[PDB]
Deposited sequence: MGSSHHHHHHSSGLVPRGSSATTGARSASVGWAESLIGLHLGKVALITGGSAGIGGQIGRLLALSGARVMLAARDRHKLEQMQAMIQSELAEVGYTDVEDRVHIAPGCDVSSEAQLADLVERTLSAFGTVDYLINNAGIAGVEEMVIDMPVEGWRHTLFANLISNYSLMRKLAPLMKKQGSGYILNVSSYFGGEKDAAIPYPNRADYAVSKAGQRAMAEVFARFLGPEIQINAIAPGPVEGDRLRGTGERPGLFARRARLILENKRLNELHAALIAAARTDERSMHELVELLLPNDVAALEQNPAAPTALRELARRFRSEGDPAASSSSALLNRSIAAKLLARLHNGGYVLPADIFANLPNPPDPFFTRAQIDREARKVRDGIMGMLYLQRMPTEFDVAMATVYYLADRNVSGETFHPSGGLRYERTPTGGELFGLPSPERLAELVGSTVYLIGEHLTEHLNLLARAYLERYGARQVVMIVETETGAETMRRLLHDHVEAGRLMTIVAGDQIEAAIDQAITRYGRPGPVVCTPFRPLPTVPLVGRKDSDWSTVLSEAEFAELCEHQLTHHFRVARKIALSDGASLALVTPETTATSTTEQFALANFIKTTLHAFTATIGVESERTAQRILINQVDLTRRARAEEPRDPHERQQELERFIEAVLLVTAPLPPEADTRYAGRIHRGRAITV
């Protein structure tokens, strides 16, 4: 079976991260059998030593000599740590000299929560492990590749990272999806810079063959949380009771008593009815509203949304008797998950790690591909959200009427003209009651206060300085000015103008640093994640995520980084749109792109510029004007969530 493989990569040196198991271990194995010298990096020394032994034993069996010189390991390697990645590269270059192939395979599942349950530090950790690590190793190894005149960077992404012009929603996995999309986007935008000496591609395997009760149980506990949270948020909107008083109705922990209470809000009585109808009579979840675990995670959502409740509100919650969910409900949801994955597959057969690695090692022999995403497995039935539509007009007069009397939050700093035009559109054209302008710095606040002096003097434009504490700034806005209806989130920072690759004979000293690439992710991805999380938790009606602006005079490097961010953020927008849709959250989340693919598409004169700024206002109004609630059908609801439009 190895006959077609032996000799294919003879003389090559490969670094494989995550090389102790999974597809990474198999790529390491087959590259070694193909004749490459390999460094396998991973955390667990013991698993790495076993993999190294098996590969060395197989090389000896097919007739390699000095097998200890052909397979090295780098144990205790956590790719989320920049220091550990520098140590990995020093260890690899000491062992083998210049790396030919960087196989950026290492990956973690990430937080595995909905965005509104996702710790900000957990999201950042996923980006460090899964995405920033891929740039960091490229930044250290590409200079040596360019100097020797050849190299290959392969980022191991996923089908769930999307594809060119299409995002793939991955609910409960936004951190992972964005990381996977960023791995592909890095190949798409760096290929022109790294050519002609270096190839950069991604692989995006689908599901591969590699507890299921415990996951099905978490799905059911998550559904109970979502149903309770959505009804409490909906009730609080139109009831005179505070959220504290609404949550008190839950404390007897009695479904039938909540359903039958004529003074309970309709959203809570209808929910109680659903718990009885859809419930298993042998499950305590059919007669009790929640348990302490769901209660704690619900209280965290409410607290994270600026709702005022005492920390001990659930201290005396009656404990429902086991089972909360029956083995029958848990097993039915587990079959639904499993059957869901198997029904994705056109070929009705799960690919093996071995088969994917084999297709990958054949693919690495191709010298005429860069910027591409290879699907070593595929044929998948799954939802996709096309991105990059440019032909739109205004929303309906019915949706625009819903802006009258509204509280608008605008977030930004660098895009002062956009922010001014938006504030004035919402206030002067569409009868918003007030705009809260949330900027990064006092200097930004003063720039906006001078641009909007008339509305400031009239009490219609309030300014808040967020710095690096956007969630506390939004809490200040909720407390002082009221919860937001429409929200527009622009980036505080412009894109950097440093080189993305170095001259062949240079040290690359000025080239985008590992720390600068992290900062890019912080300012252009994490910023929107933090706002989306906080705004959804705080019951905002709508949220436009706005990418950085490219113009006819942007540097080629700014175009590359802009498109990196635009592609990567599409994964976020698509995922959180579907997560929100499927959990009955009102909020509409969509993306408005100020980034284009090519300078030739940008406005060239003042007239075309005016056209562009009018399209920007139109685009933001198209995604932020709320749906009159009768129009939020299943059909219209899916259209107005998780989409991106290009100005």
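Within the chain's deposited sequence, the coordinate-free stretches run 1 to 31, 242 to 252 in sequence order.
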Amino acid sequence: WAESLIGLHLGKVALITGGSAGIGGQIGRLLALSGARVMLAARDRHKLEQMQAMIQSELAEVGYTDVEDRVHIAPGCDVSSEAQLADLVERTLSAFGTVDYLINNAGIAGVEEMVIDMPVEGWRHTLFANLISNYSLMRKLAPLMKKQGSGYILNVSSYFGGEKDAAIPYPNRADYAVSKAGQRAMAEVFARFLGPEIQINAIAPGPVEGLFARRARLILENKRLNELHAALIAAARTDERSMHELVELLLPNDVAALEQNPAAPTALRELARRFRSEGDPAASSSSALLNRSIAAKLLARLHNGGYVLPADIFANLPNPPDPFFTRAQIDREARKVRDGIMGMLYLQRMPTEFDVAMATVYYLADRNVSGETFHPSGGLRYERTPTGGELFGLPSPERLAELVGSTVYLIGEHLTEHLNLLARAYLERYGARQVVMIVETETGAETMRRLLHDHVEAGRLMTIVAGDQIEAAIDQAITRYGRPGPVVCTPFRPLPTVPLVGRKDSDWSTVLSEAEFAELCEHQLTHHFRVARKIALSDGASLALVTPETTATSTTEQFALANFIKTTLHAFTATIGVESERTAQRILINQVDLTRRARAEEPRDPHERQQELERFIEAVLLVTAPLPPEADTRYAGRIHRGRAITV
From here on, numbers count along this sequence of modelled residues.
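Each form is matched to the other, and the largest set of C-alpha atoms that superpose within 1.5 Å is called the rigid core.
After a core fit, the C-alpha atoms in 6 other deposited structures of this protein lie farther on average from the shown form in one of 315 to 323 and 412 to 420, namely 315 to 323. Looking at 257 to 265 and 85 to 93, the one farther from the shown form in 6 other deposited structures of this protein by average CA distance, after a rigid core fit, turns out to be 257 to 265. Of the other entries compared for this protein that flank it with modelled residues, a third or more give no atoms for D605. At least a third of the other compared entries skip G210 while keeping the residues on either side.
Stretch comparison (162 to 170 versus 481 to 489) by mean CA B-factor in the PDB entry places 162 to 170 on top.
Relative to its counterpart among 294 to 302 and 392 to 400, 392 to 400 has the higher mean temperature factor, C-alpha atoms as listed in the PDB entry. In this structure the maximum Cα B-factor among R70, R29, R599, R615 is found at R599.
For the set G151, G110, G540, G206, the PDB entry puts the maximum C-alpha B factor at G206. Sort the chain's modelled residues by C-alpha temperature factor and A584 lands in the highest third, per the entry. Annotation for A42: C-alpha temperature factor in the middle third relative to the rest of the modelled chain, per the entry.
When all modelled residues of the chain are sorted by CA temperature factor, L59 is found within the middle third. Per-chain ranking of the deposited C-alpha B factor places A552 in the highest third. Per the deposited record, the Cα B-factor of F559 falls in the middle third when ranked against the other modelled residues of its chain.
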